[PDB]
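A single chain, nothing else alongside it, follows as structure tokens in the form deposited in one PDB entry.
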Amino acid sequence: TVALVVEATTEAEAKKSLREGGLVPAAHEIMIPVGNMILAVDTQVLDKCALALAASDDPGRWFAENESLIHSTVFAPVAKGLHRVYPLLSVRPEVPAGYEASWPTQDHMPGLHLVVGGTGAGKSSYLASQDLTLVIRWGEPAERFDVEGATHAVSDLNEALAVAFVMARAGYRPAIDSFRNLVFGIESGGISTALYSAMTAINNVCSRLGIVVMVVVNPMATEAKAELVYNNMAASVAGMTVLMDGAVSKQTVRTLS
């Protein structure tokens, strides 16, 4: 029931929600700027899904039976004027009252936890150690892990964020493998600055939802500029783990202290 083509042309219609093709977010809609795109998470749909999934005796069966409903948690509004009305849009830094965390580390701030670098088999071996519920697979070549793993395959950034948000909000532990297409598709030392603010935007969405989502990221930096890029990433998110040669090279985490 998301408007796909018809957008507000009167003041009366412009006041409706983003879902209906208006330009004013409802209380339960959070806009997420990614590059020059603007997505929206419907926190009512998100919470309906998280609650159904957290309260289920068979969470796997409800998941499979409502994939379409889960994916609809995030969508791209149709109204073209959003960039103008919300200039230099980000997501505000909020933490829900009573938030608590023990994973990925103790008192980990809600937000993103980037897993960067790694052998490739050092990635997958680090993901296996984190006791994840599933791995959301996006933008990566099909390998064995997609065939007989605890995975969920998606096609676009709406589906990736929607599943991670729903799983984490239901109390489970998701990871996204990976933001490869987000590193390639956003363009503006050596890395597009828009990648950093995209990560802060998605990070602060998780912050507002009181969740952590682990995400694999390969910034494709020359190994000279790699320390400066990794530092600009740590400055954008709640936590970051660098893997070099399959071992944890360094981890830096904002904590609630």
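Residues that one form lacks are left out of the comparison. By rigid core we mean the largest C-alpha set that fits within 1.5 Å across both forms. A residue's number is simply how far along the shown sequence it sits, counting from 1.
Compared with the other entries of this protein, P33 is consistently built, present in every one of those that build its neighbours rather than absent from a third.
Modelled in this chain, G60 is likewise built in all the other compared entries whose models extend past it on both sides, so a third of them omitting it does not occur.
In this entry, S188 is separated from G189 by 4 to 9 residues of the deposited sequence that have no coordinates. Averaged over Cα atoms, the B-factor as recorded in the entry is higher for 121-129 than for the other of 91-99 and 121-129. Per the PDB record, of the two stretches 65-73 and 215-223, 215-223 carries the greater mean B-factor over its C-alpha atoms. The residue among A198, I30, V229, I38 whose C-alpha atom has the highest B-factor in the PDB entry is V229. Highest C-alpha temperature factor among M167, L157, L112, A150, as the PDB entry reports it: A150. Ranked within its chain, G210 lands in the lowest third, by CA B factor from the PDB record. In the deposited entry, the Cα temperature factor of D245 sits in the top third of values across the chain's modelled residues. Annotation for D58: CA B-factor lies in the highest third of the chain's modelled residues. Ranked within its chain, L256 lands in the highest third, by CA B factor from the PDB record.
Placement of the Cα temperature factor of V85 within the chain: lowest third of the modelled residues, per the deposited record.
If you look for the form deposited in another entry, you will not find it shown, but the lines that follow are about it.
With the core held fixed by superposition, the comparison between the shown form and the other one singles out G118 as the only member of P110, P174, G118, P77 whose CA moves by at least 2 angstroms.
Once both forms are overlaid on the rigid core, the distance between the two CA positions of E223 between the shown form and the other one is under 2 angstroms.
For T43, a C-alpha deviation below 2 angstroms is recorded between the shown form and the other one after rigid-core alignment. Comparing the forms between the shown form and the other one, the C-alpha position of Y196 differs by less than 2 angstroms, with the core used for superposition.
The pair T151 and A121 separates in that other deposited form: their C-alpha atoms are at least 3 Å more distant from each other than in the form depicted.
Cα-Cα spacing of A121 to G239 is reduced in that other deposited form versus the present form (difference of at least 3 Å). For residues common to both forms, superposing the rigid core between the shown form and the other one reveals consecutive runs of 3 or more with all Cα shifts of 2 angstroms or more at 54-68, 70-72, 118-121.
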